[PDB]
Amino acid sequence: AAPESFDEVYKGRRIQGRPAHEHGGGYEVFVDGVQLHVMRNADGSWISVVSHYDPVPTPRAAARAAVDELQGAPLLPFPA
């Protein structure tokens, strides 16, 4: 079963998650409408390409870690 969807404003950024060059791909996250590549680990934790080495429990946590990483900057889209 996929995680539930989410939508919030976190640190002034709109982050959204939903069940759905890189993998295929069962959950999508967006930061101000730009898709962020995320991945689920076998133990059920999540990462994103901007915080890839530091697992967090949920896709919302990965989206929040990406907003923290970006420090206000726009995200660039990923290839594909």
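One-based numbering along the sequence shown.
Test item: residue 22 lacks coordinates in at least a third of other entries
Yes.
If the chain runs straight from residue 20 to residue 21, say none; otherwise bin the unmodelled deposited residues as 1 to 3, 4 to 9, or 10 or more.
In the record, 4 to 9 residues between residue 20 and residue 21 lack coordinates.
Output the stretch having the higher mean C-alpha B factor in the entry; the candidates are 38-46 and 25-33.
Result: 25-33.
Which has higher Cα B-factors on average according to the PDB entry: 7-15 or 60-68?
According to the entry, 7-15 carries the higher average C-alpha B-factor.
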